[PDB]
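Trainee: A single structure is presented below for examination.
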Amino acid sequence: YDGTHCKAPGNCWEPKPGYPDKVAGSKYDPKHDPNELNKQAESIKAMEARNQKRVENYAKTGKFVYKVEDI
Amino acid sequence: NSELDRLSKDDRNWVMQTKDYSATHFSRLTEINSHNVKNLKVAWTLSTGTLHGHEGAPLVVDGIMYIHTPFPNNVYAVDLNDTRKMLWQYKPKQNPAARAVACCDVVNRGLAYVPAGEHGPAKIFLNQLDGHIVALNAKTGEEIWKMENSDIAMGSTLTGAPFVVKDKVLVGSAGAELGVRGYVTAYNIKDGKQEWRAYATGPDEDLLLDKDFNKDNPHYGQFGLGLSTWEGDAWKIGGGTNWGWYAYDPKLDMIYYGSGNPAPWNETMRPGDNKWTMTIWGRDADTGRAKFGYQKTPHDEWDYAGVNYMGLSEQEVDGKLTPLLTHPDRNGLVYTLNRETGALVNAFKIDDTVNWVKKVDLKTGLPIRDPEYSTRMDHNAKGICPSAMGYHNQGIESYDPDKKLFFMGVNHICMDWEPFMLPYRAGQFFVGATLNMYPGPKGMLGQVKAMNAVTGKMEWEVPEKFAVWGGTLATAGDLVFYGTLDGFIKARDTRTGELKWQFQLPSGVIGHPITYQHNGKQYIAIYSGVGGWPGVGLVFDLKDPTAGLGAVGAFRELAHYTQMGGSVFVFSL
Ligand SMILES: O=C(O)c1cc(C(=O)O)c2c(n1)C(=O)C(=O)c1cc(C(=O)O)[nH]c1-2
Ligand SMILES: [Ca+2]
């Protein structure tokens with residue numbers, strides 16, 4: 001693997017000698033929990049929805065309020 | 001922002017961390033110069049009231065200096081006609097649990113500023129460690145608005161400075177050592193409304209790509225790669241946070257920055273190019289849509305987090321005056337790209353001991369890897385240069401347009417590295433490698449270097465006892481100023497590198513110097529307060545050499561020279 005043999009433009013990765021093409025099912029399988037993987041994006045959606053409440057209250061009242069339970 | 005651009009051209013001001021949208025860190029002031037800097041003295045000083053690393057530096061605008069601290073990210077304003085009084089203060093109330101998910105000390109790279117306009121009064125912007133972006137009134141300190149960008153419960157924090165462009169403020173990300181998938185966000189300066197958000201990995205809609213993304217260099221890669229260069233859903237925790245610096249070209253209306261490392265550090269857990277971690281981006285300002293994207297370090301094996309500053313300049317390439325970006329990466333290469341097309345102009349080693357890569361092939365754009373200095377499961381890789389700390393880190397550097405030279409504070413640190421398997425749990429660290437770090441082959445830990453970024457010609461090079469972390473300021477007085485980890489500020493002649501002046505500050509420096517004129521006199525200002533990654537050993541009282549992500553052993557001598565601190569020093573003749 002010297003980084004110059006490309007399967008496609010922008011895609012040059014190769015396994016190193018003796019390592020697998022794919023990790024799923026191998027001794028190096030990360031076995032990630034899909035529920036753990038999704039938590040960040042769920043948290044972002046929740047922050048975005050709060051921010052949008054704060055913005056809408058600003059456009060309605062002309063006064064900024066951070067705490068969403070106070071709107 | 002055209003008014004902010006105009007204020008940046010006034011030597012009474014220092015309006016952004018980078019000085020100006022090109023990140024020149026260059027002052028036309030010459031009161032202080034190579035022939036009298038030996039007479040520079042301390043004019044006045046301030047305490048920040050905190051310890052831990054003091055990154056970035058003060059802003060000065062319209063006769064007011066603005067100061068910021070590491071966690072809890074207090075801010076205050078000082079009228080330069082009354083230096084002992086605080087005009088106003090802002091004291092955030094943040095959950096102290098934010099500290100536990102900062103990988104590398106609770107540093108903050110500082111404030112941004114926008115002048116008054118249709119959006120309202122002039123504003124100071126602060127990113128808090130706890131993930132909020134805050135807008136303050138620049139004259140009173142009143143909180144105008146505050147939004148949630150980043151969630152500390154996911155290990156996601158903010159450390160890099162906000163960046164104002166037109167009517168927007170850009171907020172980055174941090175937490176790739178905890179599996180945070182990077183993203184940058186533009187908020188409207190008037191009301192804090194999110195305008196756009198561009199992720200570093202994943203589907204094309206998340207990456208936010210122009211329909212003509214990489215039209216000029218299709219060999220860099222174009223569409224589908226934020227999915228196809230990862231196996232399955234590993235991109236969802238895949239790093240690429242952007243905690244460094246920006247640049248902007250108002251004529252192209254393009255914003256430039258670098259995305260950081262893929263997560264975990266264990267390369268074997270994430271086969272593939274891992275796009276678009278480690279990428280130099282050029283994004284349209286209004287829409288955020290990327291016009292170009294160059295991946296410097298495909299399939300990173302070394303934590304060469306690709307966030308370092310972007311220094312714009314206009315220089316001859318094969319006889320034609322060309323708009324450029326120059327970018328000294330963690331990976332030990334100095335990149336220079338055409339900042340309109342993204343075409344690679346040069347990629348040269350910042351020190352010849354770099355060994356992970358043999359060279360970059362300029363035509364293909366690919367770094368030719370040396371497998372002897374790869375990392376991989378079930379192997380302890382030895383003698384890799386650079387280490388994960390890089391041959392360059394977070395310091396903003398400087399460019400003298402008369403000399404066509406960049407001046408850089410450089411690190412000379414190498415490593416051994418062995419990964420390990422580990423699970424991802426949101427909120428916990430997700431590193432997966434054990435490191436030992438040590439000086440590079442030349443035997444010291446730092447250097448200061450002057451170079452032409454188109455030709456790669458090193459003008460001069462000088463050693464430093466420790467890595468030079470905080471960046472540089474250059475002036476038309478033929479001086480480059482910088483601070484050192486061991487607690488000096490120093491000035492060198494930019495023709496030769498000769499040391500002209502040094503002063504013993506209380507604590508090590510991890511930010512940059514600034515200069516400004518006030519009431520007809522030139523001042524130089526700097527923070528003193530060691531921390532950041534090199535200072536984790538002393539800041540956290542760590543002893544195991546592999547602790548602090550492997551920095552503890554390399555920096556074990558730093559505590560013989562400096563304690564923590566927190567002060568601002570102002571110098572004048
Ligand atoms: O991956 C990340 O998101 C992340 C964040 C930070 C941070 O927020 O300061 C650093 C790093 N990585 C890192 O790779 C690094 O070398 C580093 C040095 C420092 C420092 O301030 O001295 N912070 C960070
Ligand atoms: Ca990192």
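For the structure tokens, the naming scheme is as follows: chains receive sequential letters (A, B, ...) according to their order of presentation, residues are indexed from 1 within each chain, and ligands are indexed from 1 in presentation order.
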Tell me as a PDB file with N, CA and C atoms, in the first residue's frame which residues belonging to chain A come within 9 Å of chain B, counting only C-alpha atoms.
Mentor:
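Ended up saving to result-v9.pdb:
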ATOM      1  N   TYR A   1       0.851  -1.218   0.000  1.00  0.00           N
ATOM      2  CA  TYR A   1       0.000   0.000   0.000  1.00  0.00           C
ATOM      3  C   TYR A   1       0.863   1.235   0.000  1.00  0.00           C
ATOM      4  N   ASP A   2       1.093   1.820  -1.173  1.00  0.00           N
ATOM      5  CA  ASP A   2       1.838   3.067  -1.219  1.00  0.00           C
ATOM      6  C   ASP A   2       0.988   4.289  -1.545  1.00  0.00           C
ATOM      7  N   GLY A   3      -0.325   4.135  -1.630  1.00  0.00           N
ATOM      8  CA  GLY A   3      -1.304   5.230  -1.820  1.00  0.00           C
ATOM      9  C   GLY A   3      -1.463   5.671  -3.268  1.00  0.00           C
ATOM     10  N   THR A   4      -0.721   4.977  -4.246  1.00  0.00           N
ATOM     11  CA  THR A   4      -0.828   5.451  -5.645  1.00  0.00           C
ATOM     12  C   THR A   4      -1.699   4.558  -6.548  1.00  0.00           C
ATOM     13  N   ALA A   8     -10.612   4.224  -8.000  1.00  0.00           N
ATOM     14  CA  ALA A   8     -11.437   5.250  -8.597  1.00  0.00           C
ATOM     15  C   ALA A   8     -10.817   6.612  -8.231  1.00  0.00           C
ATOM     16  N   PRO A   9     -11.149   7.672  -8.974  1.00  0.00           N
ATOM     17  CA  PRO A   9     -10.564   8.997  -8.595  1.00  0.00           C
ATOM     18  C   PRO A   9     -10.964   9.284  -7.105  1.00  0.00           C
ATOM     19  N   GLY A  10      -9.993   9.670  -6.289  1.00  0.00           N
ATOM     20  CA  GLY A  10     -10.254   9.929  -4.877  1.00  0.00           C
ATOM     21  C   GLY A  10     -10.366   8.723  -3.969  1.00  0.00           C
ATOM     22  N   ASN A  11     -10.078   7.507  -4.505  1.00  0.00           N
ATOM     23  CA  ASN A  11     -10.197   6.318  -3.734  1.00  0.00           C
ATOM     24  C   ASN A  11      -9.032   5.388  -4.016  1.00  0.00           C
ATOM     25  N   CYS A  12      -7.981   5.516  -3.205  1.00  0.00           N
ATOM     26  CA  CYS A  12      -6.718   4.798  -3.397  1.00  0.00           C
ATOM     27  C   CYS A  12      -6.364   3.808  -2.311  1.00  0.00           C
ATOM     28  N   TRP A  13      -7.274   3.570  -1.356  1.00  0.00           N
ATOM     29  CA  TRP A  13      -6.918   2.790  -0.198  1.00  0.00           C
ATOM     30  C   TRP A  13      -6.715   1.288  -0.632  1.00  0.00           C
ATOM     31  N   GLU A  14      -5.718   0.630  -0.071  1.00  0.00           N
ATOM     32  CA  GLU A  14      -5.536  -0.790  -0.200  1.00  0.00           C
ATOM     33  C   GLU A  14      -5.298  -1.322   1.196  1.00  0.00           C
ATOM     34  N   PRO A  15      -5.669  -2.601   1.435  1.00  0.00           N
ATOM     35  CA  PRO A  15      -5.164  -3.240   2.655  1.00  0.00           C
ATOM     36  C   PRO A  15      -3.701  -3.458   2.637  1.00  0.00           C
ATOM     37  N   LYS A  16      -3.090  -3.378   3.805  1.00  0.00           N
ATOM     38  CA  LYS A  16      -1.677  -3.693   3.948  1.00  0.00           C
ATOM     39  C   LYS A  16      -1.499  -5.220   3.864  1.00  0.00           C
ATOM     40  N   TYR A  19      -3.627  -8.048   5.708  1.00  0.00           N
ATOM     41  CA  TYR A  19      -4.785  -7.487   6.409  1.00  0.00           C
ATOM     42  C   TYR A  19      -5.966  -7.624   5.482  1.00  0.00           C
ATOM     43  N   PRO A  20      -7.157  -7.541   6.041  1.00  0.00           N
ATOM     44  CA  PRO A  20      -8.371  -7.724   5.223  1.00  0.00           C
ATOM     45  C   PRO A  20      -8.885  -6.545   4.385  1.00  0.00           C
ATOM     46  N   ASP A  21      -9.478  -6.840   3.215  1.00  0.00           N
ATOM     47  CA  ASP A  21     -10.220  -5.859   2.406  1.00  0.00           C
ATOM     48  C   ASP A  21     -11.344  -5.212   3.181  1.00  0.00           C
ATOM     49  N   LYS A  22     -12.071  -6.002   3.949  1.00  0.00           N
ATOM     50  CA  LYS A  22     -13.193  -5.540   4.739  1.00  0.00           C
ATOM     51  C   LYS A  22     -13.016  -6.016   6.167  1.00  0.00           C
ATOM     52  N   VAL A  23     -13.348  -5.152   7.117  1.00  0.00           N
ATOM     53  CA  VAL A  23     -13.186  -5.513   8.498  1.00  0.00           C
ATOM     54  C   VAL A  23     -14.338  -6.276   9.112  1.00  0.00           C
ATOM     55  N   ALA A  24     -15.529  -6.071   8.604  1.00  0.00           N
ATOM     56  CA  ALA A  24     -16.691  -6.802   9.127  1.00  0.00           C
ATOM     57  C   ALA A  24     -16.371  -8.335   9.009  1.00  0.00           C
ATOM     58  N   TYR A  28     -10.453  -7.811  13.164  1.00  0.00           N
ATOM     59  CA  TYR A  28     -10.376  -6.375  13.406  1.00  0.00           C
ATOM     60  C   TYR A  28     -11.760  -5.730  13.272  1.00  0.00           C
ATOM     61  N   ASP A  29     -12.835  -6.522  13.308  1.00  0.00           N
ATOM     62  CA  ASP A  29     -14.177  -5.992  13.163  1.00  0.00           C
ATOM     63  C   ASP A  29     -14.455  -5.047  14.362  1.00  0.00           C
ATOM     64  N   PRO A  30     -14.848  -3.793  14.098  1.00  0.00           N
ATOM     65  CA  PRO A  30     -15.097  -2.851  15.210  1.00  0.00           C
ATOM     66  C   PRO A  30     -16.380  -3.131  15.940  1.00  0.00           C
ATOM     67  N   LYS A  31     -17.319  -3.870  15.319  1.00  0.00           N
ATOM     68  CA  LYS A  31     -18.554  -4.291  15.966  1.00  0.00           C
ATOM     69  C   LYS A  31     -19.240  -3.111  16.631  1.00  0.00           C
ATOM     70  N   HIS A  32     -19.358  -2.007  15.895  1.00  0.00           N
ATOM     71  CA  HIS A  32     -20.022  -0.839  16.467  1.00  0.00           C
ATOM     72  C   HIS A  32     -21.523  -1.074  16.706  1.00  0.00           C
ATOM     73  N   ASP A  33     -22.019  -0.528  17.800  1.00  0.00           N
ATOM     74  CA  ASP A  33     -23.447  -0.597  18.120  1.00  0.00           C
ATOM     75  C   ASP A  33     -24.152   0.523  17.327  1.00  0.00           C
ATOM     76  N   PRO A  34     -25.031   0.166  16.388  1.00  0.00           N
ATOM     77  CA  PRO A  34     -25.691   1.203  15.568  1.00  0.00           C
ATOM     78  C   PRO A  34     -26.417   2.284  16.367  1.00  0.00           C
ATOM     79  N   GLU A  36     -25.370   3.425  19.389  1.00  0.00           N
ATOM     80  CA  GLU A  36     -24.308   4.365  19.745  1.00  0.00           C
ATOM     81  C   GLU A  36     -23.921   5.250  18.566  1.00  0.00           C
ATOM     82  N   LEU A  37     -23.749   4.672  17.376  1.00  0.00           N
ATOM     83  CA  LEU A  37     -23.345   5.462  16.232  1.00  0.00           C
ATOM     84  C   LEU A  37     -24.281   6.621  15.953  1.00  0.00           C
ATOM     85  N   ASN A  38     -25.583   6.429  16.171  1.00  0.00           N
ATOM     86  CA  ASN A  38     -26.592   7.420  15.810  1.00  0.00           C
ATOM     87  C   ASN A  38     -26.795   8.517  16.827  1.00  0.00           C
ATOM     88  N   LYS A  39     -26.151   8.409  17.995  1.00  0.00           N
ATOM     89  CA  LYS A  39     -26.504   9.350  19.104  1.00  0.00           C
ATOM     90  C   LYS A  39     -26.115  10.826  18.782  1.00  0.00           C
ATOM     91  N   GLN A  40     -24.964  11.036  18.135  1.00  0.00           N
ATOM     92  CA  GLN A  40     -24.490  12.389  17.782  1.00  0.00           C
ATOM     93  C   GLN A  40     -25.446  13.130  16.945  1.00  0.00           C
ATOM     94  N   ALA A  41     -25.928  12.435  15.903  1.00  0.00           N
ATOM     95  CA  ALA A  41     -26.865  13.069  14.958  1.00  0.00           C
ATOM     96  C   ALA A  41     -28.199  13.367  15.601  1.00  0.00           C
ATOM     97  N   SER A  43     -28.529  14.090  18.747  1.00  0.00           N
ATOM     98  CA  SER A  43     -28.244  15.240  19.632  1.00  0.00           C
ATOM     99  C   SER A  43     -28.199  16.536  18.810  1.00  0.00           C
ATOM    100  N   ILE A  44     -27.590  16.495  17.626  1.00  0.00           N
ATOM    101  CA  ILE A  44     -27.626  17.672  16.738  1.00  0.00           C
ATOM    102  C   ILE A  44     -29.033  18.110  16.358  1.00  0.00           C
ATOM    103  N   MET A  47     -30.478  19.973  19.264  1.00  0.00           N
ATOM    104  CA  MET A  47     -29.917  21.347  19.387  1.00  0.00           C
ATOM    105  C   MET A  47     -30.454  22.242  18.322  1.00  0.00           C
ATOM    106  N   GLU A  48     -30.563  21.736  17.079  1.00  0.00           N
ATOM    107  CA  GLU A  48     -31.088  22.560  16.003  1.00  0.00           C
ATOM    108  C   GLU A  48     -32.530  22.991  16.258  1.00  0.00           C
ATOM    109  N   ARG A  50     -34.061  23.313  19.270  1.00  0.00           N
ATOM    110  CA  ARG A  50     -34.023  24.370  20.284  1.00  0.00           C
ATOM    111  C   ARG A  50     -33.599  25.709  19.788  1.00  0.00           C
ATOM    112  N   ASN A  51     -32.514  25.747  19.008  1.00  0.00           N
ATOM    113  CA  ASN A  51     -32.073  26.984  18.404  1.00  0.00           C
ATOM    114  C   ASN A  51     -33.166  27.622  17.559  1.00  0.00           C
ATOM    115  N   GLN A  52     -33.882  26.784  16.844  1.00  0.00           N
ATOM    116  CA  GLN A  52     -34.926  27.331  15.954  1.00  0.00           C
ATOM    117  C   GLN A  52     -36.087  27.921  16.809  1.00  0.00           C
ATOM    118  N   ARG A  54     -35.528  29.411  19.666  1.00  0.00           N
ATOM    119  CA  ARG A  54     -34.997  30.664  20.156  1.00  0.00           C
ATOM    120  C   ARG A  54     -35.081  31.697  19.064  1.00  0.00           C
ATOM    121  N   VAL A  55     -34.794  31.293  17.843  1.00  0.00           N
ATOM    122  CA  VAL A  55     -34.853  32.252  16.712  1.00  0.00           C
ATOM    123  C   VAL A  55     -36.298  32.787  16.457  1.00  0.00           C
ATOM    124  N   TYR A  58     -37.353  35.211  19.081  1.00  0.00           N
ATOM    125  CA  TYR A  58     -36.716  36.516  18.741  1.00  0.00           C
ATOM    126  C   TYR A  58     -37.498  37.252  17.628  1.00  0.00           C
ATOM    127  N   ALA A  59     -37.838  36.581  16.524  1.00  0.00           N
ATOM    128  CA  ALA A  59     -38.597  37.218  15.469  1.00  0.00           C
ATOM    129  C   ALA A  59     -40.036  37.624  15.929  1.00  0.00           C
ATOM    130  N   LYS A  63     -37.068  40.082  21.495  1.00  0.00           N
ATOM    131  CA  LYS A  63     -36.218  39.899  22.702  1.00  0.00           C
ATOM    132  C   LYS A  63     -35.676  38.474  22.688  1.00  0.00           C
ATOM    133  N   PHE A  64     -34.376  38.342  22.841  1.00  0.00           N
ATOM    134  CA  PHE A  64     -33.729  37.031  22.864  1.00  0.00           C
ATOM    135  C   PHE A  64     -33.933  36.313  24.200  1.00  0.00           C
ATOM    136  N   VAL A  65     -34.364  35.056  24.159  1.00  0.00           N
ATOM    137  CA  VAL A  65     -34.535  34.195  25.327  1.00  0.00           C
ATOM    138  C   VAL A  65     -33.858  32.864  25.030  1.00  0.00           C
ATOM    139  N   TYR A  66     -32.865  32.515  25.838  1.00  0.00           N
ATOM    140  CA  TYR A  66     -32.138  31.235  25.703  1.00  0.00           C
ATOM    141  C   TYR A  66     -32.969  30.048  26.203  1.00  0.00           C
TER     142      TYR A  66
END
Trainee: Around ligand 1, which protein and nucleic acid residues have at least one atom no more than 6 Å from it, if we count only C-alpha atoms and all ligand atoms? List them as JSON, numbers by chain.
Mentor: {"B": [104, 107, 159, 174, 175, 176, 177, 241, 243, 305, 389, 532, 533]}
Trainee: Write out as an mmCIF file with N, CA and C atoms, in the first residue's frame the residues lying within 9 Å of residue 296 in chain B, counting only C-alpha atoms and excluding same-chain residues fewer than 3 positions away.
Mentor:
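Resulting contents of result-v4.cif:
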data_model
loop_
_atom_site.group_PDB
_atom_site.id
_atom_site.type_symbol
_atom_site.label_atom_id
_atom_site.label_comp_id
_atom_site.auth_asym_id
_atom_site.auth_seq_id
_atom_site.Cartn_x
_atom_site.Cartn_y
_atom_site.Cartn_z
ATOM 1 N N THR B 277 -12.099 13.782 5.708
ATOM 2 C CA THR B 277 -11.189 14.131 6.786
ATOM 3 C C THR B 277 -9.892 14.578 6.078
ATOM 4 N N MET B 278 -9.103 15.365 6.780
ATOM 5 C CA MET B 278 -7.761 15.763 6.319
ATOM 6 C C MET B 278 -7.749 16.532 5.009
ATOM 7 N N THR B 279 -8.741 17.377 4.861
ATOM 8 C CA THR B 279 -8.986 18.030 3.561
ATOM 9 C C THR B 279 -8.855 19.551 3.620
ATOM 10 N N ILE B 280 -8.202 20.132 2.610
ATOM 11 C CA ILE B 280 -8.161 21.583 2.397
ATOM 12 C C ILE B 280 -9.452 21.902 1.584
ATOM 13 N N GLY B 306 -5.808 17.794 10.061
ATOM 14 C CA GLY B 306 -5.514 18.723 8.993
ATOM 15 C C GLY B 306 -6.108 20.166 9.176
ATOM 16 N N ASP B 329 0.968 21.805 7.118
ATOM 17 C CA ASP B 329 0.146 20.813 7.788
ATOM 18 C C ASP B 329 0.858 20.093 8.936
ATOM 19 N N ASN B 331 1.217 16.964 9.035
ATOM 20 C CA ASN B 331 1.909 15.878 8.374
ATOM 21 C C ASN B 331 3.331 16.237 7.939
ATOM 22 N N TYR B 335 1.774 22.857 1.971
ATOM 23 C CA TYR B 335 0.974 22.900 0.798
ATOM 24 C C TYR B 335 0.772 24.329 0.287
ATOM 25 N N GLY B 365 -1.335 14.407 -7.255
ATOM 26 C CA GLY B 365 -1.796 14.944 -5.964
ATOM 27 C C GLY B 365 -1.647 13.963 -4.812
ATOM 28 N N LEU B 366 -1.047 12.767 -5.029
ATOM 29 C CA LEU B 366 -1.006 11.738 -3.975
ATOM 30 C C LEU B 366 0.307 11.683 -3.245
ATOM 31 N N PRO B 367 0.253 11.536 -1.895
ATOM 32 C CA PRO B 367 1.434 11.306 -1.187
ATOM 33 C C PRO B 367 1.808 9.848 -1.333
#
Trainee: Which residues, written as a compact mmCIF listing (two decimals) with C-alpha atoms, in the first residue's frame, have at least one atom at most 10 Å from residue 285 in chain B, with only C-alpha atoms counted and residues fewer than 5 positions away on the same chain left out?
Mentor:
# COMPACT_ATOMS: atom_id res chain seq x y z
CA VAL B 165 -17.68 36.59 6.91
CA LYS B 166 -20.27 39.13 5.56
CA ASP B 167 -23.35 38.70 7.74
CA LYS B 168 -22.33 35.28 9.09
CA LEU B 170 -18.66 30.47 11.31
CA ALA B 186 -22.58 29.45 9.60
CA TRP B 196 -25.78 26.27 6.65
CA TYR B 248 -11.39 34.32 3.07
CA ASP B 249 -10.97 35.84 -0.39
CA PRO B 250 -13.64 38.49 -0.85
CA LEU B 252 -13.85 34.90 -5.04
CA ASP B 253 -16.25 34.97 -2.08
CA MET B 254 -14.56 31.78 -0.85
CA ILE B 255 -13.76 30.54 2.67
CA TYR B 256 -10.76 28.19 3.25
CA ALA B 290 -17.49 23.37 -1.60
Trainee: Please provide as a ChimeraX atom specification all residues within 9 Å of range 564-571 of chain B, with the sequence filter that same-chain residues fewer than 6 positions apart are discarded (counting only C-alpha atoms).
Mentor: /B:40-54,57-58,67,69,505-508,522-531,535,538-539
Trainee: Please compute the CA of residue 266 in chain B-CA of residue 381 in chain B distance, one decimal, in Å.
Mentor: 12.5 Å
Trainee: Would you pick out the contacts of residue 337 in chain B at 6 Å or less, using only C-alpha atoms, so that residues sharing its chain but fewer than 5 positions from it are not included, and give the list as a list in words?
Mentor: residues 324, 325, 342, 343, 344 and 345 of chain B
Trainee: Taking the chain letters and numbering used in this document, name the residues of range 44-223 of chain B that DSSP puts in helix (DSSP H, G or I), as a list in words.
Mentor: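 Matching residues, listed in order: residues 96, 97, 98, 99, 100, 101, 152, 153, 154, 176, 177, 178, 204, 205, 206, 207, 218, 219 and 220 of chain B.
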Trainee: Save the residues we just selected, N, CA and C atoms, as a CSV table (one decimal), in the first residue's frame?
Mentor:
chain,number,residue,atom,x,y,z
B,96,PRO,N,-19.2,22.2,34.5
B,96,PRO,CA,-17.7,21.8,34.6
B,96,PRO,C,-17.4,20.5,34.0
B,97,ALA,N,-18.4,19.7,33.7
B,97,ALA,CA,-18.2,18.4,33.0
B,97,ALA,C,-17.6,18.6,31.5
B,98,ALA,N,-17.7,19.8,31.0
B,98,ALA,CA,-17.1,20.2,29.7
B,98,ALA,C,-15.6,19.9,29.7
B,99,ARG,N,-14.9,20.1,30.9
B,99,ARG,CA,-13.5,20.0,31.0
B,99,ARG,C,-13.1,18.5,30.7
B,100,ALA,N,-13.9,17.5,31.1
B,100,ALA,CA,-13.5,16.1,31.0
B,100,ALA,C,-13.5,15.6,29.6
B,101,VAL,N,-14.1,16.3,28.7
B,101,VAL,CA,-14.1,15.8,27.3
B,101,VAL,C,-13.3,16.7,26.4
B,152,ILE,N,-21.6,18.5,24.7
B,152,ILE,CA,-20.5,17.9,25.5
B,152,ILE,C,-20.8,16.5,25.9
B,153,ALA,N,-22.1,16.1,25.9
B,153,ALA,CA,-22.5,14.7,26.2
B,153,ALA,C,-22.1,13.7,25.2
B,154,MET,N,-21.9,14.2,23.9
B,154,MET,CA,-21.3,13.4,22.8
B,154,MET,C,-19.7,13.5,22.7
B,176,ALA,N,-12.7,14.9,17.7
B,176,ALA,CA,-12.3,13.7,16.9
B,176,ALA,C,-11.7,12.6,17.8
B,177,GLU,N,-11.0,12.9,18.9
B,177,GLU,CA,-10.5,11.9,19.8
B,177,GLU,C,-11.6,11.3,20.7
B,178,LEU,N,-12.9,11.7,20.5
B,178,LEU,CA,-14.1,11.1,21.1
B,178,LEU,C,-15.1,10.7,20.0
B,204,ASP,N,-23.1,13.1,0.3
B,204,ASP,CA,-22.9,14.3,-0.3
B,204,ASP,C,-23.7,15.5,0.1
B,205,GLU,N,-25.0,15.2,0.4
B,205,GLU,CA,-25.8,16.4,0.9
B,205,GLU,C,-25.3,16.9,2.2
B,206,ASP,N,-24.7,16.1,3.0
B,206,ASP,CA,-24.2,16.5,4.3
B,206,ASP,C,-22.9,17.3,4.1
B,207,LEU,N,-22.0,16.8,3.2
B,207,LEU,CA,-20.7,17.5,2.9
B,207,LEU,C,-20.9,18.9,2.3
B,218,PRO,N,-10.5,16.9,-11.1
B,218,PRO,CA,-11.4,15.8,-10.8
B,218,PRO,C,-10.7,14.5,-10.2
B,219,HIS,N,-9.4,14.5,-10.4
B,219,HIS,CA,-8.5,13.4,-9.8
B,219,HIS,C,-8.4,13.5,-8.3
B,220,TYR,N,-8.8,14.7,-7.7
B,220,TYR,CA,-8.9,14.7,-6.3
B,220,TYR,C,-10.0,13.8,-5.7
Trainee: Which value, in Å to one decimal, gives the distance between CA of residue 394 in chain B and CA of residue 55 in chain B?
Mentor: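 Atom-to-atom, CA of residue 394 in chain B to CA of residue 55 in chain B, that is 9.1 Å.
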